[PDB]
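Source file input_15.pdb; content: PDB, C-alpha atoms (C1' of nucleotides) and all ligand atoms.
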```pdb
ATOM      1  CA  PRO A   1      28.942   4.816  36.272  1.00  0.00           C
ATOM      2  CA  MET A   2      30.128   1.404  37.556  1.00  0.00           C
ATOM      3  CA  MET A   3      27.131  -0.177  35.747  1.00  0.00           C
ATOM      4  CA  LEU A   4      26.012  -1.900  38.950  1.00  0.00           C
ATOM      5  CA  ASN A   5      23.532  -4.600  37.889  1.00  0.00           C
ATOM      6  CA  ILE A   6      22.096  -2.552  35.020  1.00  0.00           C
ATOM      7  CA  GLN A   7      20.171  -4.550  32.405  1.00  0.00           C
ATOM      8  CA  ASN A   8      21.605  -2.690  29.412  1.00  0.00           C
ATOM      9  CA  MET A   9      20.748  -4.771  26.344  1.00  0.00           C
ATOM     10  CA  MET A  10      19.960  -3.665  22.807  1.00  0.00           C
ATOM     11  CA  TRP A  11      16.812  -5.783  22.503  1.00  0.00           C
ATOM     12  CA  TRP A  12      15.708  -4.899  26.046  1.00  0.00           C
ATOM     13  CA  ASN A  13      16.026  -1.102  26.032  1.00  0.00           C
ATOM     14  CA  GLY A  14      18.236  -0.193  23.052  1.00  0.00           C
ATOM     15  CA  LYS A  15      21.257   0.697  25.206  1.00  0.00           C
ATOM     16  CA  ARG A  16      24.530  -1.225  25.410  1.00  0.00           C
ATOM     17  CA  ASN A  17      27.342  -0.995  27.937  1.00  0.00           C
ATOM     18  CA  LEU A  18      30.095   1.476  27.109  1.00  0.00           C
ATOM     19  CA  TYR A  19      32.979  -0.918  27.887  1.00  0.00           C
ATOM     20  CA  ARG A  20      32.414  -4.164  25.986  1.00  0.00           C
ATOM     21  CA  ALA A  21      33.517  -5.958  22.837  1.00  0.00           C
ATOM     22  CA  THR A  22      31.372  -5.131  19.817  1.00  0.00           C
ATOM     23  CA  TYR A  23      32.148  -8.631  18.497  1.00  0.00           C
ATOM     24  CA  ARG A  24      32.763 -11.907  20.328  1.00  0.00           C
ATOM     25  CA  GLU A  25      34.262 -14.857  18.474  1.00  0.00           C
ATOM     26  CA  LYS A  26      32.922 -17.372  21.014  1.00  0.00           C
ATOM     27  CA  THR A  27      30.071 -16.800  23.452  1.00  0.00           C
ATOM     28  CA  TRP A  28      30.799 -17.132  27.167  1.00  0.00           C
ATOM     29  CA  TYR A  29      28.941 -20.454  27.163  1.00  0.00           C
ATOM     30  CA  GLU A  30      31.311 -21.789  24.495  1.00  0.00           C
ATOM     31  CA  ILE A  31      34.349 -20.788  26.564  1.00  0.00           C
ATOM     32  CA  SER A  32      32.979 -22.601  29.624  1.00  0.00           C
ATOM     33  CA  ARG A  33      32.774 -25.864  27.626  1.00  0.00           C
ATOM     34  CA  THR A  34      36.208 -27.013  28.764  1.00  0.00           C
TER      35      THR A  34
ATOM     36  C1'   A B   1     -82.930  16.685  19.274  1.00  0.00           C
ATOM     37  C1'   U B   2     -77.745  14.800  18.558  1.00  0.00           C
ATOM     38  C1'   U B   3     -75.696  10.250  19.803  1.00  0.00           C
ATOM     39  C1'   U B   4     -69.825   4.433  19.565  1.00  0.00           C
ATOM     40  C1'   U B   5     -67.399   5.543  27.945  1.00  0.00           C
ATOM     41  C1'   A B   6     -62.415   5.344  30.652  1.00  0.00           C
ATOM     42  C1'   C B   7     -58.387   1.876  31.010  1.00  0.00           C
ATOM     43  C1'   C B   8     -55.823  -2.571  29.119  1.00  0.00           C
ATOM     44  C1'   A B   9     -51.060  -5.532  23.420  1.00  0.00           C
ATOM     45  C1'   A B  10     -47.289  -7.480  21.266  1.00  0.00           C
ATOM     46  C1'   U B  11     -40.119  -7.944  17.699  1.00  0.00           C
ATOM     47  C1'   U B  12     -40.075  -9.812  14.523  1.00  0.00           C
ATOM     48  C1'   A B  13     -36.830 -13.419   7.785  1.00  0.00           C
ATOM     49  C1'   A B  14     -32.287  -9.514   6.164  1.00  0.00           C
ATOM     50  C1'   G B  15     -32.702  -5.212   0.539  1.00  0.00           C
ATOM     51  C1'   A B  16     -28.052  -4.729  -1.549  1.00  0.00           C
ATOM     52  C1'   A B  17     -20.159  -8.229  -3.137  1.00  0.00           C
ATOM     53  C1'   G B  18     -22.284  -2.459   3.032  1.00  0.00           C
ATOM     54  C1'   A B  19     -17.003  -8.608   3.753  1.00  0.00           C
ATOM     55  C1'   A B  20     -10.970 -10.893   1.964  1.00  0.00           C
ATOM     56  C1'   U B  21      -4.103 -10.685  -2.966  1.00  0.00           C
ATOM     57  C1'   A B  22      -8.331 -10.081   5.474  1.00  0.00           C
ATOM     58  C1'   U B  23      -6.101 -11.407  11.522  1.00  0.00           C
ATOM     59  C1'   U B  24      -2.636 -14.439  14.142  1.00  0.00           C
ATOM     60  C1'   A B  25       1.713 -18.443  14.167  1.00  0.00           C
ATOM     61  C1'   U B  26       3.987 -20.927  10.344  1.00  0.00           C
ATOM     62  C1'   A B  27       9.458 -19.962   5.103  1.00  0.00           C
ATOM     63  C1'   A B  28      15.827 -21.384   8.791  1.00  0.00           C
ATOM     64  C1'   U B  29      18.511 -18.974   1.038  1.00  0.00           C
ATOM     65  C1'   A B  30      18.311 -11.256   1.407  1.00  0.00           C
ATOM     66  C1'   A B  31      19.795  -7.530   3.934  1.00  0.00           C
ATOM     67  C1'   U B  32      24.541  -0.167   4.792  1.00  0.00           C
ATOM     68  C1'   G B  33      20.210   3.330   8.545  1.00  0.00           C
ATOM     69  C1'   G B  34      13.269   2.759   3.296  1.00  0.00           C
ATOM     70  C1'   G B  35      10.570   7.393   2.210  1.00  0.00           C
ATOM     71  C1'   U B  36       7.385   8.383  -3.441  1.00  0.00           C
ATOM     72  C1'   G B  37       5.575  15.118  -4.984  1.00  0.00           C
ATOM     73  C1'   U B  38      12.971  12.767  -6.082  1.00  0.00           C
ATOM     74  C1'   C B  39      17.006  15.467  -7.929  1.00  0.00           C
ATOM     75  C1'   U B  40      24.097  21.125  -7.081  1.00  0.00           C
ATOM     76  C1'   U B  41      28.441  20.946  -3.470  1.00  0.00           C
ATOM     77  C1'   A B  42      29.916  18.708   2.190  1.00  0.00           C
ATOM     78  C1'   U B  43      36.225  22.988   6.513  1.00  0.00           C
ATOM     79  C1'   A B  44      28.941  21.355   7.309  1.00  0.00           C
ATOM     80  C1'   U B  45      27.225  13.863   6.109  1.00  0.00           C
ATOM     81  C1'   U B  46      32.834   9.902  11.791  1.00  0.00           C
ATOM     82  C1'   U B  47      31.194   5.728  17.676  1.00  0.00           C
ATOM     83  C1'   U B  48      34.683   3.395  18.654  1.00  0.00           C
ATOM     84  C1'   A B  49      36.860  -0.048  24.362  1.00  0.00           C
ATOM     85  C1'   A B  50      38.646  -8.328  26.412  1.00  0.00           C
ATOM     86  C1'   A B  51      32.505  -8.257  31.094  1.00  0.00           C
ATOM     87  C1'   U B  52      25.229 -11.645  30.348  1.00  0.00           C
ATOM     88  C1'   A B  53      23.449 -10.697  25.326  1.00  0.00           C
ATOM     89  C1'   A B  54      18.805  -8.814  19.429  1.00  0.00           C
ATOM     90  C1'   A B  55      24.781 -14.654  20.216  1.00  0.00           C
ATOM     91  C1'   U B  56      19.334 -17.327  25.129  1.00  0.00           C
ATOM     92  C1'   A B  57      22.548 -23.379  28.117  1.00  0.00           C
ATOM     93  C1'   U B  58      19.839 -32.157  27.291  1.00  0.00           C
ATOM     94  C1'   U B  59      20.098 -34.584  35.600  1.00  0.00           C
ATOM     95  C1'   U B  60      17.918 -35.487  40.855  1.00  0.00           C
ATOM     96  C1'   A B  61      24.978 -36.412  43.745  1.00  0.00           C
ATOM     97  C1'   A B  62      28.698 -33.979  46.712  1.00  0.00           C
ATOM     98  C1'   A B  63      30.225 -29.286  48.186  1.00  0.00           C
ATOM     99  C1'   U B  64      31.152 -24.427  50.145  1.00  0.00           C
ATOM    100  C1'   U B  65      26.624 -22.692  53.112  1.00  0.00           C
ATOM    101  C1'   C B  66      22.808 -19.739  59.850  1.00  0.00           C
ATOM    102  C1'   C B  67      16.015 -21.814  53.980  1.00  0.00           C
ATOM    103  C1'   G B  68      22.656 -26.078  48.843  1.00  0.00           C
ATOM    104  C1'   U B  69      18.460 -21.073  43.821  1.00  0.00           C
ATOM    105  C1'   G B  70      23.084 -26.258  41.571  1.00  0.00           C
ATOM    106  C1'   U B  71      24.891 -31.201  36.176  1.00  0.00           C
ATOM    107  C1'   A B  72      29.809 -31.610  33.049  1.00  0.00           C
ATOM    108  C1'   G B  73      31.947 -32.104  24.878  1.00  0.00           C
ATOM    109  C1'   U B  74      28.900 -35.775  21.988  1.00  0.00           C
ATOM    110  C1'   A B  75      31.323 -35.450  18.440  1.00  0.00           C
ATOM    111  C1'   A B  76      36.561 -32.108  16.894  1.00  0.00           C
ATOM    112  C1'   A B  77      33.150 -26.896  10.331  1.00  0.00           C
ATOM    113  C1'   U B  78      28.183 -32.302  11.886  1.00  0.00           C
ATOM    114  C1'   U B  79      22.843 -32.131   9.640  1.00  0.00           C
ATOM    115  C1'   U B  80      19.239 -26.634  15.940  1.00  0.00           C
ATOM    116  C1'   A B  81      19.698 -23.526  11.326  1.00  0.00           C
ATOM    117  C1'   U B  82      17.114 -15.877  13.284  1.00  0.00           C
ATOM    118  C1'   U B  83      13.829 -17.781   8.294  1.00  0.00           C
ATOM    119  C1'   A B  84       9.611 -13.863   4.736  1.00  0.00           C
TER     120        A B  84
HETATM  121 MG    MG C 101     -57.839  -5.652  29.397  1.00  0.00          MG
HETATM  122 MG    MG C 102     -24.378  -6.979   5.847  1.00  0.00          MG
HETATM  123 MG    MG C 103      21.526 -14.807   5.266  1.00  0.00          MG
END
```
Output the structure of this file as structure tokens.
Amino acid sequence: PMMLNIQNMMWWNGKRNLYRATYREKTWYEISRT
RNA sequence: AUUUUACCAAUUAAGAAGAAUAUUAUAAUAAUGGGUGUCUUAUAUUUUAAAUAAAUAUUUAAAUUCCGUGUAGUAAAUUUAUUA
């Protein structure tokens, strides 16, 4: 698969990536706030 | 004695519940997939993985670089919160 630049989003097309966390405690933007 | 030639002109008041828990945004308190005329059991009713996503970010510098596609907490549970 390699999911090369595929816009897989639930609200966009109803499909989510196979390898990802179903829950995230802090969004990536919150982690960047060093 | 019967006896009126041919052609030439115009859309205007609308009578009636035959108009509404009506359309579209707006509610930051709920949420296990809604299916009524339904209704026995489930060896037959199981979807999960550290990445940009139904979670969406207050600047104009420098700087990698052969059109620089770029800005960092404002508060540490603090009052921008996905509401019916
Ligand atoms: Mg005339
Ligand atoms: Mg009428
Ligand atoms: Mg709630």
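The shell of residues at most 12 Å from residue 34 of chain A, with all atoms listed in the file counted and near chain neighbours (fewer than 6 positions) removed, consists of residues 28 of chain A; 72 and 73 of chain B.
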Ligand MG 103 (chain C): which residues are within 12 Å, counting all atoms listed in the file, as a list in words?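 After applying the 12 Å limit, what remains is residues 28, 29, 30, 31, 81, 82, 83 and 84 of chain B.
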For chain B against chain A, which residues fall within 9 Å using all atoms listed in the file, given as a list in words?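 That gives the following set of residues: residues 49, 50, 51, 52, 53, 54, 55, 57, 72 and 73 of chain B.
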Output check: residues returned by the PyMOL selection byres (((not hetatm)) within 10 of (chain C and resi 101)), as a PDB file with C-alpha atoms (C1' of nucleotides), keeping the file's coordinate frame:
```pdb
ATOM      1  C1'   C B   7     -58.387   1.876  31.010  1.00  0.00           C
ATOM      2  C1'   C B   8     -55.823  -2.571  29.119  1.00  0.00           C
ATOM      3  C1'   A B   9     -51.060  -5.532  23.420  1.00  0.00           C
TER       4        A B   9
END
```
Where does the PyMOL selection byres (((not hetatm)) within 12 of (chain C and resi 102)) land in this file, that is, which residues does it pick, as a PDB file with C-alpha atoms (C1' of nucleotides), in the coordinates of the input?
```pdb
ATOM      1  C1'   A B  14     -32.287  -9.514   6.164  1.00  0.00           C
ATOM      2  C1'   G B  15     -32.702  -5.212   0.539  1.00  0.00           C
ATOM      3  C1'   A B  16     -28.052  -4.729  -1.549  1.00  0.00           C
ATOM      4  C1'   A B  17     -20.159  -8.229  -3.137  1.00  0.00           C
ATOM      5  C1'   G B  18     -22.284  -2.459   3.032  1.00  0.00           C
ATOM      6  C1'   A B  19     -17.003  -8.608   3.753  1.00  0.00           C
TER       7        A B  19
END
```
Is it possible to get the axis-aligned box enclosing segment 9-17 of chain A (all listed atoms, 5 Å extra per side) as JSON, with centre and edge lengths in Å rounded to one decimal?
```
{"center_x": 21.5, "center_y": -2.5, "center_z": 25.2, "size_x": 21.6, "size_y": 16.5, "size_z": 15.4}
```
In Å, rounded to a single decimal, give me how far atom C1' of residue 68 of chain B is from atom CA of residue 4 of chain A.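 Interatomic distance here is 26.3 Å.
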